[PDB]
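Structure at a glance
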Amino acid sequence: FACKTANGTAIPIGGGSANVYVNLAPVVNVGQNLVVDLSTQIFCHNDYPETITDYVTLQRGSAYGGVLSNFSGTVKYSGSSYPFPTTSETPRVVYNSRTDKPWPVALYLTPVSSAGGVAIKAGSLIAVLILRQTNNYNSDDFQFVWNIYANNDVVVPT
Ligand SMILES: CNC(=O)c1cc(C(=O)NC)cc(-c2ccc(O[C@H]3O[C@H](CO)[C@@H](O)[C@H](O)[C@@H]3O)c(C)c2)c1
């Protein structure tokens, strides 16, 4: 089991860390959602699908910078949503193919009432997402750590 990103970086067998850079809607109103879709950013596969079933969770999702200060919301993982920043570990998603498959994670972030002006700065860290991979074969328990950076400013209108 290993993963790759939309910026040409990777994390091998055994886990590790990678940076991910996301284009964000430049204007988000209070009462509306900024959607940060990582399923177009992070992809993984199973290296022995004939024999091994891989299990993948979102173990933890943390907010940073302007997201920490200026937003609240949820994280959607494989069709169900949970509070973000996270308060538990999600259920497992199965990976059962050698073919790249997206990691089905998306943030739904809505501005807090005091947000206004530039609420997320270009280049800043906005989140860290921990993917936990296990399997039905041995005792491997690996963390794939995804550091999520904004490519651009996000403004909350006054
Ligand atoms: C003597 N030979 C053999 O023992 C052996 C023959 C084959 C083989 O015949 N393949 C066609 C494949 C394998 C193989 C590959 C990857 C692998 O582990 C990696 O990949 C797994 C599946 O993604 C992850 O669960 C795991 O955490 C890790 O990342 C493990 C445990 C075993 C071994």
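Residues numbered from 1 in each chain as written, not as in the entry; some residues may be left out. Heavy atoms only, no water.

Header annotation of the entry names X-ray crystallography as the structure determination method and lists the resolution as 1.665 Å.

**Some points on the side chain of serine 62**
Note the threshold: Helix numbering and strand numbering both begin at the N terminus, where a helix is a DSSP run of H or I of at least 4 residues and a strand a DSSP run of E of at least 2. Remark: exposure states derive from per-residue accessible area (1.4 Å probe, protein chains only) relative to the maximum for the residue type, with buried under 20%, exposed over 50%, and partly exposed in between. The contact rule is simple, with two residues in contact once any of their heavy atoms fall within 4.5 Å.
As for its position among the elements, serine 62 is in strand β6 (residues 54–63). Given a relative accessible area of 17%, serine 62 falls into the buried group. Leave out the neighbours within four places in its chain, and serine 62 touches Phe84, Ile126, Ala127 and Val128.

**Side note on the sheet that holds strand β3 (residues 16–22)**
Using the following cut-off: Paired strands, in this sense, are two strands between which DSSP finds at least two bridges. Note on geometry: axes are lines fitted to C-alpha atoms, helical ones only across the stretch in contact, with angles between N-to-C directions running from 0 to 180 degrees.
Ordered by their spatial adjacency, five strands build an open sheet running β3-β14-β13-β6-β9, and the pairing between neighbours is mixed. The open sheet has two edge strands, β3 and β9 (93–95), and neither has a second partner. Each neighbouring strand pair of the sheet contributes to a mean axis angle of 30°, computed without reference to strand direction. By the bridge criterion, seven bridges tie β3 to strand β14 (residues 142–150) in an arrangement that is parallel. Bridging across to β14, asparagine 19 finds its partner in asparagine 147.

**Observations regarding the state of the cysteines**
Using the following cut-off: By definition, disulfides here are pairs of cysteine sulfur atoms that lie within 2.5 Å.
Tallied over the full model, the rule gives one disulfide. One disulfide in the model links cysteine 3 with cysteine 44; its S-S distance is 2.0 Å. Disulfide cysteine 3 to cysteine 44: torsion about the S-S bond roughly 100°, handedness right-handed. Of this pair, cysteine 3 sits in strand β1 (residues 2–5) while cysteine 44 sits in strand β5 (residues 42–45), and the two are 41 residues apart along the sequence. The exposure class assigned to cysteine 3 is buried, which follows from its relative accessible area of 5%. Of the residues examined, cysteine 44 reaches a relative accessible area of 0% and is grouped as buried.

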